[PDB]
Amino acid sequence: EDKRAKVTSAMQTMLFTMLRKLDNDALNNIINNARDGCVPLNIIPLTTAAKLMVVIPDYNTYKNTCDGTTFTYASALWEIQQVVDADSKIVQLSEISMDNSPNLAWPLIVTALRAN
């Protein structure tokens, strides 16, 4: 895999070249969302209100990404009903405020559904 490891980098360097050049907002959002540690946990669902797990690593990302019960991601609209914490322990919206930040278990994990 050693020489394979060189042809490996060439293909997926080239891929993110062809992705930066695609210049989609949805692609460029999920790509750069993931660069600061905010990555999907399952495939993005396009279907009507199917399951979407994403990882949020810090409150900064949080108050950058969460509008009440609505979390914007992937140039789409997402509706939540499951936010757990690092110790797989469920949290609540109100509890993720600017006033509770340092006590909580980052990263958090939101579960989401496509919005009508």
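In this text, residue numbers run from 1 along the sequence as written.
If you average the C-alpha B-factors over 36-44 and over 87-95, the higher value belongs to 87-95.
In this entry, the higher average B-factor at the C-alpha atoms falls on 96-104, of the pair 96-104 and 15-23. Residue-level inspection of the entry shows that, of 53, 56, 31, 50, 50 has the top Cα B-factor. Sorting the modelled residues of the chain by their CA temperature factor places residue 109 in the lowest third.
For residue 75, the recorded CA temperature factor ranks within the highest third of the chain's modelled residues.
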